[PDB]
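Shown here is one chain on its own, the form deposited in one PDB entry, set out as C-alpha cells.
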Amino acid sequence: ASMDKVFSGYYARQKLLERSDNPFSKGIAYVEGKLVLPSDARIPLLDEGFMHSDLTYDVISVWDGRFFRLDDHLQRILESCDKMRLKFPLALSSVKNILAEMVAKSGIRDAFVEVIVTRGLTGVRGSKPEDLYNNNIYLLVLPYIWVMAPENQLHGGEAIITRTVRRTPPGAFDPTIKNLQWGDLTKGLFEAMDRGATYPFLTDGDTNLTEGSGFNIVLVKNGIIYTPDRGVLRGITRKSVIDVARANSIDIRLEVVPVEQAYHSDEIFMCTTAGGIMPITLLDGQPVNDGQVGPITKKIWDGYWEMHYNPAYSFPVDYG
C-alpha cells in the first residue's frame, strides 16, 4: 500500500499504544522461563553470548497485528544454529507459541521481535563438542524499530561508502550467520556520523559493495535491480524484494556489485526487517541521480508492504 496509508495506520496504532496503561506496552522479554520487562531482564555474566559473543540471533516483525514471514526467520536461525554448532533449545512450535503469547500480552501491533541463541555457560576453548550443547535462548519483543523513520522515507536518506572500515570477510566470519559481532558495522556508524551522513555502505576492500549496519544494499540502473550475492546476510527483506520484482516483471540480479556502480545508479535503497524499504537519495554528499525517490523503489516499497497483509506471507496474532 502507499506510504501515506501505511504510515497513517502506524501513527494511529502508536498513538493508542502510547496511551496504554499496560507496562508491557514498552516491550516484554522471556528469560529463564519468565516474562519480564526488558529493562529488568538480566543475563548471566558468564554466558558465552556475552563473554565471547558466541551466539546467533534473528529478528522478525509484526505489522498491524500480523507476523511477517515468521517461518522463514525461524528456518534461518535453525540454519545459523547448525552453522554455529549450536542446538536450538526449544521446539519450534514452542517458540512460535511463546512469541505470539508475548506479542498478545504486550498489546503491541507493530513490533520488533528478537530471538537470541547463545553457547551457554561452557566456553568452547578447552571443551569436548558433546559438552557444548547446553545452549541458552532469550526472546525480546519491542515496539517496532525504524532504521529509517517513516518521515525520512518520503525523501530518502544519506549514505557513505566507508573508507575507514570494510566488512568482516566470510573467511573470518560467515555473514550468512546473523550475528551480533558488529565491530565493523559499529565503526561504520561512527564513520557516517563523522562524515555528516547516516548510513554506512561497507565494501569488501576488494572494490565491491557488501551490506551496511543492519541492512542490505540495492541499486537500480536502467530498469534492473542489483544486489550483492556474497559477503552479506541473505536478508528476508531482500528475499521479499526479489518476490516483488518477480511480481512486477522487473529483472533483479544477485551478483557482485562494484562500488563504482553506486556512483551512477538511477536509484538506491536499503532493506531490512527493522524499517522495510529505505530509499537513499544522497551518497557521499552528492545526489543519487536527481535526488528523488525513484519509481522502481516506490514499486518495491508498495509491494513489500502489501506482502505484510498477504496470507501467503503473514498471519494475524490473536490479542484476546
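In case it trips you up, residue 1 is the first one in the sequence shown, and so on. Heads up, when I say rigid core I mean the largest set of C-alphas that superpose within 1.5 Å between the two forms. Residues that one form lacks are left out of the comparison.
Q: I need to verify one thing: averaged over C-alpha atoms only, is the B-factor higher for 30 to 38 or for 48 to 56?
A: Averaged over C-alpha atoms, the B-factors run higher in 30 to 38.
Q: Between 80 to 88 and 212 to 220, name whichever shows the higher mean Cα B factor according to the PDB entry.
A: Mean CA B-factor is higher for 80 to 88.
Q: Maximum C-alpha temperature factor per the entry, among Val293, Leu282, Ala262, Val62, belongs to which one?
A: Reading the PDB entry, the winner on C-alpha B-factor is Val293.
Q: What's the residue among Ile116, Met148, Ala245, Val95 with the greatest CA temperature factor in the PDB record?
A: Highest C-alpha B-factor among the listed residues goes to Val95.
Q: Taking only the Cα B-factors deposited for this chain, tell me whether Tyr133 sits in the lowest, middle or highest third.
A: It belongs to the highest third of the chain when residues are ordered by C-alpha B-factor.
Q: Looking at the entry's B-factor column for C-alpha atoms only, identify whether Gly231 ranks in the lowest, middle or highest third of its chain.
A: Ranked within chain, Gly231 CA B lands in the lowest tercile.
Q: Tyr304's Cα B-factor: lowest, middle or highest third of the chain?
A: Ranked within chain, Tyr304 CA B lands in the lowest tercile.
Q: If you rank every modelled residue in this chain by C-alpha B factor, which third holds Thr198: lowest, middle or highest?
A: CA B-factor rank for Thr198: middle third.
Q: Can you tell me which third, lowest, middle or highest, the CA B-factor of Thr122 falls into for its chain?
A: Its C-alpha B-factor belongs to the highest third of this chain's values.
What follows is about the form deposited in another entry, which we do not show.
Q: Align on the core first; then indicate which of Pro169, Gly107, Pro89, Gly123 has a CA shift of 2 angstroms or more between this form and the one not shown.
A: Result of the superposition: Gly123 is the only one at 2 Å or more.
Q: State yes or no: after fitting on the rigid core, is the Cα displacement of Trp182 between this form and the one not shown at least 2 Å?
A: No, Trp182 moves less than 2 Å.
Q: Comparing between this form and the one not shown on the rigid core, is the C-alpha shift at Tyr133 2 Å or larger?
A: Moves: yes, 2 Å or greater.
Q: In the other entry, do the Cα atoms of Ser213 and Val124 sit closer or farther apart than here, given a shift of 3 Å or more?
A: Farther is correct, given that in the other entry the C-alpha spacing of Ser213 to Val124 is increased by at least 3 Å.
Q: Since the CA distance of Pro129 and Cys81 differs by 3 Å or more in the other entry, is it closer or farther than in the form displayed?
A: More distant in the other entry, by 3 Å or more.
Q: Core fitted, what stretches of 3+ consecutive residues have C-alphas moving by 2 Å or more between this form and the one not shown?
A: That run whose C-alphas all shift by 2 Å or more is 123 to 133, the only one.
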